[PDB]
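Whatever order the structure lists ligands and atoms in, that order sets their numbers, starting from 1. In what follows, every heavy atom counts, from backbone to side chain, and hydrogens, waters and symmetry copies are set aside. Lettering follows sequence order; numbering is per chain, from 1.
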Amino acid sequence: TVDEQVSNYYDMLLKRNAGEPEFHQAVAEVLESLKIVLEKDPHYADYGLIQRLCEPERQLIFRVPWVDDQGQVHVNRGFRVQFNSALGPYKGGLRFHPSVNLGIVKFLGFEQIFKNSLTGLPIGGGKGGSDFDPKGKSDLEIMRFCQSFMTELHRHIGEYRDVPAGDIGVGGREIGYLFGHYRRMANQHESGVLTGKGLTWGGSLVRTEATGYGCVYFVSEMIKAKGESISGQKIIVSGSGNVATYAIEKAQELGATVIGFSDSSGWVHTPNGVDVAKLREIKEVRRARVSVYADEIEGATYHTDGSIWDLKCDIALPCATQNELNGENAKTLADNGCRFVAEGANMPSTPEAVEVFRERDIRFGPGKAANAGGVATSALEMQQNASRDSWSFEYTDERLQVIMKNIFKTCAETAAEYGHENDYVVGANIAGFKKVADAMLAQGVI
Amino acid sequence: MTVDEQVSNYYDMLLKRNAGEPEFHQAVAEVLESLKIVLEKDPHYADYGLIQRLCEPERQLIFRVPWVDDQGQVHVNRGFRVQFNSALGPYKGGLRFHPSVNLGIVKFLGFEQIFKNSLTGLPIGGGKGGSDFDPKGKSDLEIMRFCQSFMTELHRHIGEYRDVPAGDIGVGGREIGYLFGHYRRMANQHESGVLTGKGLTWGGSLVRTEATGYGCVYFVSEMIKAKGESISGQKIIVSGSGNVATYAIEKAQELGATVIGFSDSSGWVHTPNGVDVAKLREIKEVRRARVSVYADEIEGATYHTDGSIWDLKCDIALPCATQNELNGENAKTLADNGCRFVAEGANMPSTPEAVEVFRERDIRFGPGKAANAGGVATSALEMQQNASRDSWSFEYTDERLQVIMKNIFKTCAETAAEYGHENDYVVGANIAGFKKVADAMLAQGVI
Amino acid sequence: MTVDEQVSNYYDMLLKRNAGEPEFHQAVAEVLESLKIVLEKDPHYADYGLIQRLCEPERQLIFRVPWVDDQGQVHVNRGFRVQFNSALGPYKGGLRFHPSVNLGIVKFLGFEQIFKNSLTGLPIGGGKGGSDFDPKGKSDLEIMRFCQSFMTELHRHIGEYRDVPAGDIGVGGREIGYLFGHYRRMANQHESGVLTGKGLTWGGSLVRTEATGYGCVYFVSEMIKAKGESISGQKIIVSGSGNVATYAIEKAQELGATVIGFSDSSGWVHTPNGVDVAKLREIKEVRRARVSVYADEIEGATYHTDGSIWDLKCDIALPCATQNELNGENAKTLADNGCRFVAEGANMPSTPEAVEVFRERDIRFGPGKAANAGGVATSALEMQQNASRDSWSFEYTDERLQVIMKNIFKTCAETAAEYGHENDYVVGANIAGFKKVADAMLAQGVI
Amino acid sequence: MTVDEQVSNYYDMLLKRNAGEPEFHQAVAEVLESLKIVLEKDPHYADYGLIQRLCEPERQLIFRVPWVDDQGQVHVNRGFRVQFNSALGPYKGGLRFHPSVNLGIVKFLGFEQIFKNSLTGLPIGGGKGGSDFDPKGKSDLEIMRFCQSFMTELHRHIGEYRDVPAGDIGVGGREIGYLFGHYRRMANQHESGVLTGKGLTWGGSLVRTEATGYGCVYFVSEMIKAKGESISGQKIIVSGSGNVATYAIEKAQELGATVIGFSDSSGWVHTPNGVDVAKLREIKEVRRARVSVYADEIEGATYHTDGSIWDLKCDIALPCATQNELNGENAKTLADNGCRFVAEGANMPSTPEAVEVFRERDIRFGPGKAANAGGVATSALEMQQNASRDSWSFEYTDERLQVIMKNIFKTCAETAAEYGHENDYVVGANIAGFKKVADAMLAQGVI
Ligand SMILES: NC(=O)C1=CN([C@@H]2O[C@H](COP(=O)(O)OP(=O)(O)OC[C@H]3O[C@@H](n4cnc5c(N)ncnc54)[C@H](OP(=O)(O)O)[C@@H]3O)[C@@H](O)[C@H]2O)C=CC1
Ligand SMILES: NC(=O)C1=CN([C@@H]2O[C@H](COP(=O)(O)OP(=O)(O)OC[C@H]3O[C@@H](n4cnc5c(N)ncnc54)[C@H](OP(=O)(O)O)[C@@H]3O)[C@@H](O)[C@H]2O)C=CC1
Ligand SMILES: NC(=O)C1=CN([C@@H]2O[C@H](COP(=O)(O)OP(=O)(O)OC[C@H]3O[C@@H](n4cnc5c(N)ncnc54)[C@H](OP(=O)(O)O)[C@@H]3O)[C@@H](O)[C@H]2O)C=CC1
Ligand SMILES: NC(=O)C1=CN([C@@H]2O[C@H](COP(=O)(O)OP(=O)(O)OC[C@H]3O[C@@H](n4cnc5c(N)ncnc54)[C@H](OP(=O)(O)O)[C@@H]3O)[C@@H](O)[C@H]2O)C=CC1
Ligand SMILES: N=C(CCC(=O)O)C(=O)O
Ligand SMILES: N=C(CCC(=O)O)C(=O)O
Ligand SMILES: N=C(CCC(=O)O)C(=O)O
Ligand SMILES: [K+]
Ligand SMILES: [K+]
Ligand SMILES: [K+]
Ligand SMILES: [K+]
Ligand SMILES: [K+]
Ligand SMILES: [K+]
Ligand SMILES: [K+]
Ligand SMILES: [K+]
């Protein structure tokens, strides 16, 4: 039977991949959606397709030795998982955070395959990063770390090979140091090697805003599917980094009010809305804690207690990290009348959180659909670079809006095609999978 | 201790490291004078040894070029490629074959290339190269063999993303063909983006011939609008009658202005109702004759041998002939006659005294650095066409060139005002070319 | 804090970075115990984060290996290459195809290999690789397709100066042939130095087949002579029945000892009157059969699936199968029954409890990184022969191997004594191997 | 049409192409005087523009070397590699890190290197490189970071068959370690043959440390014996106190001579009872202190800041410091005081006036391209060891070195005499060095 075939393969996978719970978590949800497609179209398991799909094409782990400002040598671990290249070059971000390990990178890279497929743009899936902690490091220490990291990474990447970008801990600053050092290693100005670049050295307008903006563009599409208006809505946006910052900005441009945001230290309550300019100054100039925002803003309350999800909202947009919204937060959310969740972060909702949303009739936008705005805009940066062109903000934002609407459409149409109307998780996973699978079938056993 | 003191200290050290290169010294001194204004407002532009990095080429290649003449005699020349700065894109800049070429000349021109290319707003870095090979008196086969020997070494250092050379004195379409053909032979690939100035049927761009002349006129049109005026119905002088002047005349008249004079080394022509571009080209390209031959045949146009083209009463003067062709006396004549606008199509045609006269007399001045950048802009457009495997129409390309020139003007105007020098386009051009490179260098780290 | 504390704290951190890899933790733990001793005397050895760099692989590659079986069914296995340390030379170490393989096991092997390779005195860094592919039951064509898929990825990461693999469990001459053929196809060149354990007519070395087992016996003979005994007349257990075990048995019996038992993973054979090497070779190499078949065919040999081979009373135990095959209970049984010498042909066959028993019970114990190093030493001789396009005689190469094993023993004994742990070859091996690598690492900077 | 006129006309052209490089002109002029002697007997040596090709480097690289000091300040130095001639082997020659370094100095050294390398009889072309980086006062980490930045560019231009650098002034074992480590990191392979002067545990050669100084003494011994004298009991001046000077002192005293003075750039020390090698090594290698500190801590040794080391009465002078350190005035003094032999450990230490005085006063003179060749010869032996993956004994290597220096002497004396310039080892060295290179260039065609 199909259900048992897939369950028995998942079991095999758990054995080969012992101790990688985030990867198991990512895989599990996808294969659950894959069961549906195999019942209708069995050829999708032909030629060991699922066995190939779930094993990364290549994984790199490497030493990153570097020297701090006191002349002390440090060693961190670097990673690049090149998961699938059926649709185009490996594509996906780099995360510098002390939590990072191979299992986490594999989870992100596996998800990235289906996210990138969903954009409709020609990009395969990958991810990388390091257990390096950028917090408390000088710009020179960050620079030397990025240079050491790229000293190994450059041989494994390239405009058609693998195109990284930022993620947690890797912003414009780091992409700058990584790109410069890549050019030094390769002796060429290969703009297409990375995305997230600066506007004067091959970057794209809107890329900075893309993930957070598209998240909101997606959530507004789920909201308007219920005959509702995002204007006038109360929104929680967890996190205070690249994705959260611009999610808040688009949200409040659209008539909504963001009532809370957070970092890993705690969360701040803003019942009358966020000052974007203030927050950007605290986070980007001062690289400070959100409590400083509370300290300086009238009526902003810093919290170290409870959770940001204790706030009454109509919409929640988790934009920080994996497993930041759990089963209990999900209940608290629905009890206070939350109506839609859409993920800016990668895999922020736990499995039981997702279960609650279903039980409680909360419309749920999965990250691989909702946050695809980032990588889609990265693919647009790649397109601009490929043609040595530079697009306006308006034109690029318009394309991003079109892609997000296309992703919504695909999720809706496929979910309904397989008898799971309005289940966007089912729609996203099946639609992302089928395009990859068809390409893999066409390109043979490789 | 002070800003002046630290910069002067550095310039002194540059002199010592770069002994015997006075042109490069002077080019660097001119840049350092621009940084002073910048540092005064924002010191961070000298952080992380930015100036010390900027003034040292990323890489310099010098190499033997052995070749054999038609009589079987072996000759040895020296080849050069200075890859100065790649912060904004691949190294970009021409190749010159002339006995005067040496490393200091190449470094000088390569350094200046960085900022001119930056100022276009397009993703190109800066470099320069060539050889002391003298093409004069050489046969086509001798020049081919030289180009082939030259590129046997050069090919390994260049590439669509690495370094994209072009022509200059001694390196025209003929040489670009021989260099490109041999590059493909060495590399075993048909990499169109390795060079610009290529033939139309093998990766070249329309508007290349017209670019520098057209761009000068686009630039001056923006200067004119900035004063509440329009270029249509104005009277314009265009000096010279070569590549730049021909196409400067063509565009100005397209935009509805009337051109009243042109010239060669020998003399100058008054054409009070307009130039016959078709006639001029025939005279100069087909017949390779003097401009006197022109005046005979047009009813209303008169030739002149005495005085100067700059005696003519005009609204706009576009010197498009040669360095130092417009002196302080000329500048005075123009201003007295009511000329309100000068923009340079040629290389430094206005003498330093002429430049001060425009300032004194309130004539708006478009320096060549900005106004004659159409040629380099179109080189970037060739790269863009090659990158997308497309060959654009004349009209589309010319439209893109106009947008680029408009943006160069905007950048000059905005930057000049930013630094307390409203409407001083030389200040604007100098500062804007530097700051874009500097910002990109800061972002990309110590490399 | 105390060296003990510092090293223990570092180890704790390593357990966290490398969760779920007990064999890697085991290998690291014993080396770090010896390193405490060297650090107590010469603390400079921790300078510049040397230990932190040493215990973190330079590079690790994991990759998909898709292949098609004889029924046309697609299978997917995982491939690995850990390139641990290159201070002393190219990464060097074998490839293991066994269903137990995972990244933790490959890391343990690669880590051990650094020090083993250092101890040979030859210029070789350390690495290891393999796959969870199970070669048992596969046809030659299936093995071939697997090796070709494996090398389709591996080739870009290896090379005569980059990384030089070889066999290990499940990878013998058959697999090396298919791996080498396909490397040449991928690289388009006949790069003999890319692999060792090659066939004699395409760049292999005489003695390499025999080397690990011969070397193990040469090493244990030195241990025995150091105690004033001699190997002739002794009873020896040799576990396993593969490449290492076969030639340990051959050399042991040449030197006048009698091998009283051997095994595979299914069971063990008691051979009270010694082993017929020719019969064992026919069974294992031709028939690829179980050791039970030897017992069936040989008068006086008995097959067992009960108990352990380590239940046999012996003078010398040579575990030659795999990691953790000789445990604390086995060690006590061996000791109680009169075993006086243990030398490891396998990598890490003795569990930590077993090693403690040997220490406590005064059993002389030759760690794998010393006793089994004859294989990789002879691989380096294969590399030397290839580099010089020479082919040495069996007698010359075997003489070199004898001198190396004697040198390794002398290094372990002297280093152990130097550091106040006389006759502790674990301490001697780890310290001597570490110092050479650490010196080379200090000289070569932070890389 | 006369040989002098032919060669003189070329020199004039060399002068204009290489303006501002007096040391390079100095080195070329003296070689060209020898080529006139060659051409008078064998005019074919100028065929196919051979001399024009010989005197122009095949390739020259100049590059930015940005690095960060311990206080986090960015510095920029200039790096060079001149790849002069590769007719006989890969480019070969050292790296000089000193504030005096510029292209003309690198060119002089690279030019000399061609003929020196030729004379060794071993398969090595000629090159040189360096930087104006001053290693004096820098921390180990600063030196490491500089080397790593230097090699980040240099790696793409070097390699076992391409270009093999080594040390020279300011570049010792410490630097070579950091350069080699970083090269392996850039190339991702353990390519031992990329550099010489490597450490003993990572592909170095025994004798290389001692080789230049030892070889200089071996050479001067041959000069001495040729005059019917012997080295034992003689009084020797050795200028400098670095790698070359140190081992010239060691070998000279091992052979029974007394070294009565050495120096650094600050002053000289008088040692009438001979030098304590171990002490000098301590002061210079560990403490990196001044020679004056030797005089402080050693009874009988006196430091001088007046006069020159060259006014010590000696039998033998070995200049072992730098170019142009022994002038016409020093040469006269030496001779007046009874000096009979001079042999150059340094490159081009004797000025042209000094060399005329030696001739005029019957002082036998060994030019550096002969006398100092032991260093590069032993580098070639390191390359041979690496190529064959062998490591030779000190005794074997030193005996090869002895044979090479005797052969170089014989070649110089025999060639000098063949051309009618008996005992002129400058003519002998230049002609013998040149002919081997030229014959190989003729065979390899116009490239
Ligand atoms: N940037 C992009 O283009 C895209 C990003 N994403 C995903 O969106 C999420 C955020 O990315 P991005 O905004 O770029 O990263 P940033 O580093 O710019 O911001 C991360 C934010 O989340 C917080 N955070 C990080 N780790 C944790 C944690 N372990 N527990 C609680 N909070 C944490 C950070 O706070 P603190 O300072 O206290 O650590 C910070 O406020 C990630 O899941 C990322 O994978 C998805 C698509 C695109
Ligand atoms: N074309 C381009 O894209 C580029 C142009 N430039 C600069 O632009 C200027 C012109 O370039 P280009 O048009 O290509 O050169 P051309 O050779 O095509 O044309 C030059 C014209 O200037 C005339 N001329 C020279 N000197 C004088 C003078 N003293 N008084 C009046 N006329 C004179 C020449 O006449 P005559 O036949 O009698 O000599 C000829 O008519 C130069 O300063 C050049 O360096 C620089 C780079 C590129
Ligand atoms: N070959 C070399 O040059 C060197 C090998 N070594 C080490 O020597 C040992 C043997 O290697 P080698 O002889 O080359 O390998 P082979 O594959 O030729 O032989 C392995 C033998 O050990 C038995 N064995 C393997 N795995 C297990 C297991 N998990 N449990 C019980 N028995 C097992 C096998 O029996 P079965 O068929 O039932 O699996 C077989 O008899 C390994 O530790 C290896 O790393 C060390 C240095 C060099
Ligand atoms: N090393 C080699 O293998 C070979 C080197 N050579 C040549 O040998 C010479 C020395 O090289 P090497 O010993 O390796 O370099 P080192 O840097 O090890 O030592 C150079 C020595 O010369 C001293 N010195 C520099 N200038 C003077 C001066 N003007 N008067 C007196 N002493 C001075 C330096 O003193 P201070 O510290 O004050 O600068 C230092 O004691 C150079 O000409 C080199 O090109 C030739 C062949 C081989
Ligand atoms: N960090 C990203 C964006 C990746 C990208 O732009 O390649 C993500 O999709 O998680
Ligand atoms: N399997 C080996 C030897 C492999 C080799 O010869 O490189 C080992 O030392 O474990
Ligand atoms: N510094 C040296 C030795 C160079 C080398 O060993 O390649 C010289 O010959 O000048
Ligand atoms: K690459
Ligand atoms: K393209
Ligand atoms: K190229
Ligand atoms: K390879
Ligand atoms: K015995
Ligand atoms: K039996
Ligand atoms: K190289
Ligand atoms: K004597």
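Counting only N and O atoms by type, the side chains of D/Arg185 and A/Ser148 include a donor and acceptor under 3.5 Å apart.
Counting backbone and side-chain atoms alike, D/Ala187 contributes no N/O/S atom closer than 3.4 Å to the K ion (ligand 14). Put simply, C/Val194 stays out of reach of the K ion (ligand 11), with no N, O or S atom under 3.4 Å from it. Residue C/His155 counts as close to the K ion (ligand 11), with an N, O or S atom under 3.4 Å. Checking C/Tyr183 against the K ion (ligand 11), an N/O/S atom falls under the 3.4 Å cut-off.
One N or O on the side chain of C/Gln444 and one on the backbone of C/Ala87 form a donor-acceptor pair closer than 3.5 Å. Checking side-chain atoms of D/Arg389 against main-chain N and O of C/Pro123 turns up a donor-acceptor pair under 3.5 Å.
Vertex the K ion (ligand 15); arms to D/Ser232 O and D/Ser230 O; angle rounded to 10 degrees, 80°.
Partner of C/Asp163 under the salt bridge (charged side-chain N to carboxylate O under 4.0 Å, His left out) criterion, chosen from C/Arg81, C/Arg156, C/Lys92: C/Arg81.
More than 12 heavy atoms of other shown residues, nucleotides or ligands fall within 6.0 angstrom of atom CG in D/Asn337.
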